[PDB]
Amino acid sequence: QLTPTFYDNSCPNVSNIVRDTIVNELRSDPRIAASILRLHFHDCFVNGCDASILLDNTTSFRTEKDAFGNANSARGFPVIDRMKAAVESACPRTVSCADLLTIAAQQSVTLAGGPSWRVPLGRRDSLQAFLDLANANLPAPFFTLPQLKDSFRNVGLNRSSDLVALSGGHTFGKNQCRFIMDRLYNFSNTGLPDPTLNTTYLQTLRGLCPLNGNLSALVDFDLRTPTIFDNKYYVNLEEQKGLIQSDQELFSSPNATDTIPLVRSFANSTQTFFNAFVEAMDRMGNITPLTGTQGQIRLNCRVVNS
């Protein structure tokens, strides 16, 4: 079983080293906290939080970095290498990349103004990467609510609160125009925009993402507080201002009878949201971890030890 005190004897300063790395990076890249939280999410949804996503290509297995959900999207890998090297200096061969990324995700959330808590630790690193599994397990913005629920249940998160709270990760960070083009000009082959997108916001988004424009252009997930981790993401949904299809469906899907009350609850209280976010985050961080003597303590997060 994972425990928050796992490194209190072997590397008590690990959390501080991680925080310092992120604080420093945030000065030149204000998007890094959001990027790191997402890396942890994409790690945990593929064979569990085993740092499998950090592995680079080898002649025997392909990297998850080339998965449809990661390619030209996932970022911050060099920052993880930086904190890993710093931790290896402070405490040689002690902290696993999987745990390091979990702490990095929590510290990123806290630094962005979110809740502060000690994550369970003791995870170990995978001996391989899973590209096919990443392609099958990572959800997509065009997923219907039933599909989003299926995706979460598939990795072990049965609760709608898991889905609604964790989707709160979109309270900050960026999104490429490519992922909302259908919502803006031709949703579900209607030649019309997604009716669940507020018409005033629709005009704003069309200006940021014109037809035939730069699909890689970046837009903020949260129009209220783009870089602050707070419950504004849910207030947006209530006003039909969720950015991507998967965001708005939590409030507008015909299958949202169970998610709507959660959306409202989180929009109404920061405390209720933060509590639910920590609860869901720890549940996600508990997905099929390698523990004890299973796996290894990777020295270089990009490659398996040899």
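In this text, residue numbers run from 1 along the sequence as written.
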For this session: Determine, for stretches 68-76 and 145-153, which one has the higher mean CA B-factor as deposited.
Result: 68-76
Exercise. Mean C-alpha B factor from the entry: is it higher for 1-9 or for 295-303?
Worked result: 1-9
Exercise. Per the PDB entry, which option out of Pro92, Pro195, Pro120, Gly168 has the greatest Cα B factor?
Worked result: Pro92
Exercise. From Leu100, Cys209, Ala85, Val164, which pick has the Cα B-factor that tops the rest in the entry?
Worked result: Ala85
For this session: Relative to the other modelled residues of the same chain, rank the CA B-factor of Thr204 and answer lowest, middle or highest third.
Result: middle
Problem set entry | Where the record places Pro30 (Cα B-factor, split into thirds across the chain) | highest
Exercise. What third of its chain, lowest, middle or highest, does the C-alpha temperature factor of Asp222 fall into?
Worked result: lowest
Problem set entry | Chain-relative CA temperature factor third for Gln176 | middle
For this session: Would you mind ranking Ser188 by its C-alpha B-factor against the rest of the chain and naming the third, lowest, middle or highest?
Result: highest
